[PDB]
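S.K.: Can you read through this structure? Questions will come right after.
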Ligand code: CLA
Ligand code: CLA
Ligand code: CLA
Ligand code: CLA
Ligand SMILES: CC1=C(/C=C/C(C)=C/C=C/C(C)=C/C=C/C=C(C)/C=C/C=C(C)/C=C/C2=C(C)CCCC2(C)C)C(C)(C)CCC1
Ligand SMILES: CC1=C(/C=C/C(C)=C/C=C/C(C)=C/C=C/C=C(C)/C=C/C=C(C)/C=C/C2=C(C)CCCC2(C)C)C(C)(C)CCC1
Ligand SMILES: [Fe+2]
C-alpha cells in the first residue's frame, strides 16, 4: 500500500470515476442523500404540520 | 477471467468439480438414513392423522395453554 | 407407553418390511439364474 | 454385482416389460383393480351410506360401487390394522376400508406407471413427452380423489368408485358448487372437447389425403411400416383447410405438439378449479346480478334460473346424501314451483 | 468489458403472435365477467 | 405479388427510448392528479 | 350496474400487458436483417 | 377518497400504450443484424 | 422352437384370469338369490 | 417381433391345454358359485342378507357415528338382530 | 362500461381472425 | 389507490434515471 | 390341434350365455324391483 | 433464434449472470414484502382486536409478522390491544422499512454481478471453462442452513436472545408473543404444541450442521454422480422444485387443519371447529357452570366473553366464500360491532326450540326448529297452503341473554323469524355495513386464501419437477433422436 490515506485521496479525486465524487462531494453525497430520503418519506407519509 | 480479493479466498471451495468417489461409495449408508427418514415421516404423519395414538400426545387445539 | 395403536403400527411396519423382503428375495434370486452375454 | 444382475433381469425385453418401475406399478395397479372388482361384487355400503352397493345385494354394473368411508372416520387412512378396523378384515370392509385401499394403492400405481413410461422411454432412447402428457391425468386423480376431500370434512365427500356413484358427484358439484359456472371447469371442457376434435379432424384429414401406394381399395395394407415418404399429402391437407376453414397447419411437428398441449392443458385447468372447490372457494355467484335481483323482482337471466335449480338439488338430495347430518326437512319447507 | 458470449437472439414468428393474441383475448373474454363480478 | 419498393426500415435508438419514457412518465405524473380529480 | 370498480383495469391490463409482450418480440424478430 | 373511477385506467393506459410503443421499436431496432 | 411353460407372462395372465372366472362363477350364482 | 413366450395361438390350440383347462376353468367357476351359494361370502364381507338390513320394527339406518369406537358400534348394530 | 369491454374484446378477436386468414405468412414449399 | 399510482410512476422515473445514467450507449469517438 | 375359428365361436357363445344369464337376473334377482 | 419460453436458458452456464438473476429475484421478493406491509399498515384498523382483528380485515402479511414477535407500531398501538408499549425499532413499520432497503441493496448487487459476470471463480482451473462444483456447494449451503436453523430455534423461539413466538390458549383468547421452551419428548411431534417447533429447529438444525460438513468432505459416489446427472445444474432444479412443492403441500395442510404455527388469533378460525361445534361446546360448558354456581340465565350468558362468542359464527368459517368474492371478510357481512346476545327460542307451551345450523356446504339453508330430542316443532314454510309448523301457528318467541339485546324478548312473528333466520349462522352479531359498503355475501379468511394459493402453486410445481427432471435425464435425446432399428430382440 503506497499509503492508505494517500490512496483514498487519489480515489476520491480520481477523474476515472463514473460519477466524480469530489472533495466537495464527500460533503455533498451524504447531505443530498439525507435531504432526498427524508423528503420522499415526508411527501408521502408525513402527518399534518 | 478476472480474479478478485474475495474471489481468490473462495477459489478453493470451488475447484474440485468432477471429483467423484469410486464405485458405489457411501450409497448403502445413505440408503439407510433414507429408509429411516421414510419411517420417520410415516410416524409424524400417522400421528397427525390420529392413526397412531400415543397417551401424552393429544393432537388437538387442547394440550395447549 | 406402547399403546394398542402403537402395537398396530409395528404390526404394519413389520408386515410391510416382510413384503419388501420376500419380493426382493425372490427377485435377487431369479435374477441370478440367467442373463448370459 | 447382484444389483446389475437384478437390473439385467428386470430390464429384459419380455412380453410384458417389468422394469424397476414394475416393482411399484404391478403390486399397486393389481391391488387397486382387484379391490374394486372385489367390493363391486361383495362388500356393502350399508354401514357407511345406508346403500346397497354390490352385485351380491342386487346392484347392477351401473349401480354398483366402492363407497367412501363414513363421515365419522374423518380423513383417517383407515388401515386394516388401524384403530378403526383393528386388524379385523370384515369390519374394515364395513367401515369402507376398501376405499382408501383402492385410492392410496391406485395413487401409487399411477406414480409407478408414469415412472415406467420414463424408464421405458430412456431405454428405447425416445423423448419422454408421453410422461409429461400423463401428468394431466395424475393431477385430476390427485386433486379430485385426494386434495378435494382433504379440504372437506372427510373422505365421505370424495367421489365413490362406481358408475352411478360418480354421477351424483357431478350433480352434487352442480347443486352445491355451481361448478359449471367455474372459469377453470370451462377451460377444462374446452380442452377435452377441443381435444376430441383434433383427434377426429386430424384422423379424417389423414385418411382422406392419402397417396395411392397400392392397387386395392382397402388402402390399409398399402402402408410402409419402414418410413420413407410421407404416407399422406401434407401439402394437399394444407390447401384443403386453408380454403374451407381459412386456417390450416403446415408443420406436422407443431400440429402434433398442439395435440399434446390442448387436452393436457385443459385437464390441468379443470384440476385447479377443483383444488379451489376443496376450500369451497367456488365460482358460485355474480354479485352484481344478485343485487339487482334483490331490488328488482322482474330481472331474470338464465343465471338466476340455474341457481333455483341448485336450491332444489340441495334441498331434495341433502337428506339421503348426507346421513350423518340427520336432516329432517318438513314437506312445507321443501322449495317447489307450482303444481310440480 | 468483454461482449458476453452466452447470448443468443430471440424470435417470435407471425403465426405465434396470432396464436398468442388469440389466447390472451379469449382468456380475457372468459375472465372479464368474473373480474367485474 | 411484387415486393413493394417504397419501404424503409424503422429505428429508435436507446437514448430516444429513454428520452421518450422520461416524457411519458413525467406527463403521467403531471396529469394523473387531474385524471383522478 | 353494481360491478367491481377494478374489473375494468383488471381486464385492460390483462389484455394489454401480454399482448404488448408478444408484439414487442414479433416486431423485433420481423426486423432482424437476413 | 372521492376520486374519479376512470382515473386509474386513464393514467394506466396513458403510461403503458405510448411506452409500449417506444419499447416495441427500440427492441426491433436493437435486433437488426449488423 | 423349444418354448418354456411357466413364464412371467403366464404369471400375469393368471393373476387376472383365475380370479375373473372365480367371480363370474360367484356372480352367476347371485342371479338366483331372492326374498 | 418375438420374445421367449410360447405364441398364445399354439397354446389355445394345443389339445394339452384344453385337457388341462376343461378341468381347471369349470373348477374355479363351481368354487366361486359355492362361495356365494353357501352364504360364506356374506360373512367374509359383512354384507347383509336380504333379511338383515333392519330389525323387524326399526326403520332407522345403522350409521357408524364415531371412528375409534366404530368397530364396537358396528357389532352392536348386529345385536338388534340386524 | 362492461358492455363496452365485452364487445371490444370480441371486436378484437374478429379483427385477429381477419389478419390470421388473409395476412398469414404464405406457406412455402420445399425451399423454406 | 391514487397514492399507489403516484408513487408507482415516481418509482418508475427513478428506475429510468438509473438505466439512463448507468446503461446508456457508451459515447464513442471519431469512428462511430 | 383345435381349429381356432372353433375355439372362438365356442368361447363366444359361452360369453353370450353368461352375460345373458346376467340380463335374465335383472328381472328376477335382488336387482329386480318386485 | 430462441423461442420466447427459453430466453432464460441464456444462463444455464453463466454462474455470474445466474447469480445476477437470482439477486434481482430476491430483490423483488424482498421488495414486495416490504411494500405489501406498508399497504397493510396504511389500511389496517387496530381500534378493536376483539371483533375486528387482522384476519377480518383481509390482512395477509401482518399475521406472519406477529407470529415471530413484531406486534407493535411506531404510532403506539399493538396487535394485542395494549398501549404505552415501546416496540423499539422492530415495529411493523421497521420490518417493512428493512425489506425495502435490503431490496435496494440486492438490486445494486444484482447489477454488479451482471456487468462483472466473468469472475475467475466460475472458471474451472483444469478445463479453463465455466463450471460450478455442485456437490460441495450443496454441502456448504446446507451447513449454513442448519447453522441458521439451529440459531432460530435456539435463541429466537426460546427467548434466550430473541422475542419468542405466538402462543395462545385452546380458544384463542389470551394469545401473545412468549418464549417457548423446547420439547424432545413424544408430545413434541404434536402439531399443536409450540415446544415441538422449538426442539425441531434445534435438532434438525444440528443434524443440518452435521449433514452439511459431510457433504463438504465426502464426495458423491460415481454411480450416483452419473445416475442423478450431477455437475449439471438443471438437476439441482428438478430436485429443489420437488422439495419446494413438498414443503408447499405441507404448509397448505397445516394452515387448513390448524397448528401451533397457524394460530386462530392471527389467521382466523378453522372450518373444522365449526363442523364439530368446537366453540359451541366451550360456551355451553361455561354457561352450565355458571348456572351451577347459582347464577341466572342473564348472568351466565353475560359472563361469556364477546371474543369467544365471535368464533361461534359461520361468518368466520373459511369454508364459506367464493373465488371471486374479493376483499376482506368485512366487505361481506360488515364490520362486527357487538354481540346482540344468545337467542333462545320458545313456543306457546314454553318448550325451548333449537335452530338447525348451516353446514358449510350450503350457500342457503332452511329455518327449522326442533326440541332437545330433535323433533321438529317449528319452521318457516315455503308453501303456506298446508303449513303445520309456521312460527305463527306455534306462537314462537325469542329472548336474549347477555349482550346488546340482553333481557329483552320479541314476539311479533316477523321479528322472531328475522333472528331465527340469523341463528342459523350461530351467534347473532351487529354489523356496520355502511363504512365498507358491504354486500352481505360471505368471504373467506386469510387462512382460506393462503391455503388455496399454496395448494395450487404446489400442484403446479409438481409439473415443473416432472418437466425439468425429464429434461435432465433426457438431455441427450432432446432436439430429437437418430438411426438404427433394434426393438423386439434382446
Ligand atoms: C411394493 C408395493 C406396495 C406399496 C407401495 C404398498 C403401499 C401401501 N399399502 Mg400395500 N400391499 C402390497 C404392496 C404394496 N403396498 C401387496 C403386494 C399387498 C398384498 C399382500 C398389499 C396389501 C396391503 C394391505 C392389506 C394394506 C396395504 C396398505 C398399504 C398402505 C399403508 C401401509 C403402510 O402403512 O406401510 C408401512 C410402510 C412400511 C412397512 C415400509 C417400511 C420400510 C422400512 C425401510 C423398513 C424398516 C423396518 C424396521 C423394522 C423399522 C425399524 C424402526 C424401529 C424404530 C422399530 C400403503 C399405501 C394398507 C392400506 O391400504 O390402508 C388403507 C392395508 O391395509 N397393503
Ligand atoms: C399468493 C399469495 C397471496 C395471498 C394468499 C393473498 C391473499 C389476499 N390478498 Mg393479496 N396480494 C398478493 C398475494 C397474495 N395475496 C400479491 C403478490 C399482491 C401484489 C399485487 C397482492 C395484493 C393485494 C392487494 C392490493 C390486496 C390484497 C388482498 C388480499 C386479501 C383478499 C383476498 C383477495 O382479494 O383475493 C382475490 C383472489 C383472486 C381474484 C383470484 C385470482 C385468480 C386468477 C384470476 C387466476 C388467473 C388464471 C389464469 C389467467 C389462467 C391462464 C392459464 C392458461 C393460459 C393455461 C387476501 C388475504 C386485499 C386485502 O387487503 O384485503 C383487505 C387487497 O386489497 N392483495
Ligand atoms: C435479513 C434476513 C431476513 C429476515 C430476518 C427476515 C425476516 C422476516 N421476513 Mg423476510 N425476506 C428476506 C430476508 C429476511 N427476512 C429476503 C432476502 C427475502 C427475499 C427473498 C424475504 C422475503 C420475505 C417475504 C416475501 C416475507 C418475509 C417475511 C418475513 C417475516 C416473517 C418471517 C417468516 O415467518 O418466515 C417464514 C420462513 C420460512 C419460509 C421457512 C423456511 C424453511 C424452508 C421451508 C426450509 C428450506 C429447506 C432447507 C434448505 C432444508 C435444510 C434444513 C436443514 C436444517 C435440515 C420476518 C420478519 C414475511 C412478512 O410477513 O412480510 C414482511 C413475508 O411475507 N420475507
Ligand atoms: C423453481 C422455479 C423455476 C425455475 C427457476 C425455472 C426455470 C426455468 N424453466 Mg421452468 N417451470 C417451473 C419452475 C421453474 N422454472 C414450474 C413450476 C413449471 C411448471 C408450471 C415450469 C415449466 C417450465 C417449462 C414448460 C419450461 C420451463 C423452462 C425453464 C427454463 C427457461 C425459462 C424461460 O426462459 O422462461 C421464459 C419465461 C417467460 C418469457 C414467460 C413467463 C410468463 C409467465 C407464465 C407469466 C407469469 C409471470 C409471473 C410473474 C410469475 C409469478 C411467479 C409465481 C411463481 C409467484 C428455466 C431454466 C423452459 C425450458 O425448459 O426451455 C427449454 C420450458 O420450456 N419451465
Ligand atoms: C381386495 C383385497 C385384496 C385383493 C384381492 C384381489 C387382488 C382380487 C382380485 C379380483 C379380480 C381380478 C376380480 C376380477 C373380476 C372380473 C370380472 C367379474 C369380469 C367380468 C367381465 C365381464 C362380465 C365382461 C363383460 C364384457 C365386456 C366388459 C366387454 C363387452 C363384452 C363382454 C360382455 C364380454 C387383498 C386380498 C390383497 C387384501 C385385502 C383387500
Ligand atoms: C435502490 C435503492 C433504494 C431503494 C429501493 C426501493 C425503493 C425498492 C422498492 C422496491 C419495491 C417497491 C418492490 C416491489 C415489488 C413488487 C412485486 C415484485 C410484486 C409482484 C406481484 C405479483 C407477481 C402478483 C401477481 C398476481 C397477480 C397480479 C394477480 C393474480 C395472482 C398473482 C398473485 C399471481 C434505497 C433508497 C433503499 C437505498 C439503496 C438503493
Ligand atoms: Fe398424425
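Cβ placement follows ideal geometry from the backbone for every residue including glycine, while neighbour counts extend to all protein chains displayed. Read the figures in this text as sums done on the coordinates, not as results from a lab.
S.K.: Taking only Cα atoms of segment N:180-315, what ratio of Rg to Rh do you get with Rh as the Kirkwood inverse-distance radius? Write out the running numbers ahead of the final one.
M.R.: On the way: Rg = 24.2 Å, Rh = 19.8 Å.
When Rh is taken as the Kirkwood radius, the ratio is 1.23.
S.K.: Right, next: For the protein assembly as shown, compute Rg over Rh where Rg is the Cα radius of gyration and Rh is the Kirkwood radius from the inverse mean 1/r over Cα pairs.
M.R.: Numbers: Rg = 35.7 Å, Rh = 36.9 Å.
When Rh is taken as the Kirkwood radius, the ratio is 0.97.
S.K.: From the alpha carbon gyration tensor of segment N:22-144, can you work out the equivalent ellipsoid semi-axes (sqrt of 5 times each eigenvalue) and give them in Å, largest to smallest? If you can, show how the numbers build up before the last one.
M.R.: Details: eigenvalues 357, 44, 29 Å².
Whole-Å semi-axes of the equivalent ellipsoid: 42, 15, 12.
S.K.: What is the angle, in °, between the Cα long axis of helix D:234-244 and the longest principal axis of the Cα atoms in chain D? Nearest 10 is fine, range 0 to 90.
M.R.: On a 0 to 90 degree scale, this one is about 50.
S.K.: So what does log10 I(q)/I(0) come out to for chain N at q = 0.05, 0.07, 0.10 Å⁻¹, using the Debye formula with one equal point on every Cα and no solvent?
M.R.: -0.30, -0.54, -0.93
S.K.: List the distances, in nm to one decimal, from the label point of residue H:14 to the label points of the same position in every other copy, shortest first, placing each label point 7 Å from Cα along the Cα-to-Cβ direction.
M.R.: Sorted ascending, the copy-to-copy spacings read 2.5 nm.
S.K.: Cα centroid distance between segment N:345-367 and segment D:260-325, in Å?
M.R.: Taking the Cα centre of segment D:260-325 as reference, the centre of segment N:345-367 is 25 Å away.
S.K.: Nearest the rotation axis from L to K, which residue of chain L has its beta carbon, and at what whole-angstrom distance?
M.R.: Of all Cβ atoms in L, the one closest to the rotation axis yields L:1, 9.
S.K.: Which shape class applies to segment N:271-443: rounded if a/c is under 1.5, otherwise prolate when a/b exceeds b/c and oblate if not, where a ≥ b ≥ c are the square roots of the Cα gyration tensor eigenvalues? Spell out each step's value before the answer.
M.R.: Details: a/c = 1.62, a/b = 1.14, b/c = 1.42.
Here segment N:271-443 falls in the oblate category.
S.K.: Using only Cα atoms, what Kirkwood radius does segment J:2-82 have, in angstroms?
M.R.: Values: mean 1/r = 0.0582 Å⁻¹.
Hydrodynamic radius (Kirkwood, Cα pairs) of segment J:2-82 is 17.2 Å.
S.K.: While we're looking at this one, here's another question. Between segment D:175-226 and segment J:1-74, what is the separation of their alpha carbon centroids in Å?
M.R.: The distance from the Cα centre of segment D:175-226 to that of segment J:1-74 comes to 40 Å.
S.K.: Would you calculate the volume per residue, in Å³, of the smallest convex hull containing every Cα atom of segment D:22-340?
M.R.: That works out to 227 Å³ per residue.
S.K.: For chain A, what mean projected area does the convex hull of the alpha carbons give, in nm²?
M.R.: It is 5.1 nm².
S.K.: Over chain D, what is the relative contact order in whole percent, taking alpha-carbon pairs under 8 Å and six or more residues apart?
M.R.: Numbers: 417 pairs, mean separation 60.4, N = 340.
Averaging sequence separation for qualifying contacts and normalising by length gives 18 percent for chain D.
S.K.: Same structure again: Using helices alone, I'd like the mean residue ellipticity at 222 nm for chain D: each DSSP H run of four-plus residues gives -39500 (n - 2.57), total over residue count, nearest 500. Walk me through the numbers before you get to the answer.
M.R.: Details: 14 runs with 188 residues, N = 340.
Calculated from helices alone, the mean residue ellipticity at 222 nm is -17500 deg cm²/dmol.
S.K.: Let me ask something else. In degrees from 0 to 90, rounded to the nearest 10, what is the angle of the helix N:278-292 Cα long axis to the longest principal axis of chain N?
M.R.: Taking Cα atoms only, the helix is inclined about 40 degrees.
S.K.: Grab the residue from chain F whose Cβ hugs the F-to-E rotation axis most tightly, plus its distance in whole angstrom.
M.R.: F:9, 8
S.K.: Beyond 19 Å, what percent of the Cα pairs of segment D:1-93 remain?
M.R.: 58
S.K.: Restricting everything to alpha-carbon atoms, can you work out Rg to Rh for segment B:1-51 with a Kirkwood hydrodynamic radius? Don't skip to the end; give the middle numbers.
M.R.: Working: Rg = 20.7 Å, Rh = 15.2 Å.
Using only Cα positions, Rg/Rh for segment B:1-51 is 1.36.
S.K.: Another question, if that's okay. Would you compute, from DSSP H runs of 4+ residues alone, the mean residue ellipticity of chain B at 222 nm, taking -39500 (n - 2.57) per run and dividing by the full residue count, rounded to the nearest 500? Don't skip to the answer; put the middle values down first.
M.R.: Details: 2 runs with 28 residues, N = 65.
When only DSSP H runs of four or more count, the value is -14000 deg cm²/dmol.
S.K.: Here's something else I'd like to know. To one decimal in nm, how far is residue K:15 from the same spot in the other copies, if labels go 7 Å from Cα toward Cβ? Please give the shortest first.
M.R.: 2.6
S.K.: Let me ask something additional. How big, on average over all directions, is the shadow cast by the Cα convex hull of segment D:77-208, in nm²? Could the numbers behind the result be given before it?
M.R.: Values: hull surface 48.0 nm².
Computing the convex hull of the Cα atoms and averaging its projections yields 12.0 nm².
S.K.: Let me ask something else. Once the label point is set 7 Å along the Cα-to-beta-carbon vector, what list of distances in nm do you get between residue F:7 and its counterparts in the other copies?
M.R.: Copy-to-copy label distances at residue F:7, shortest first: 2.7 nm.
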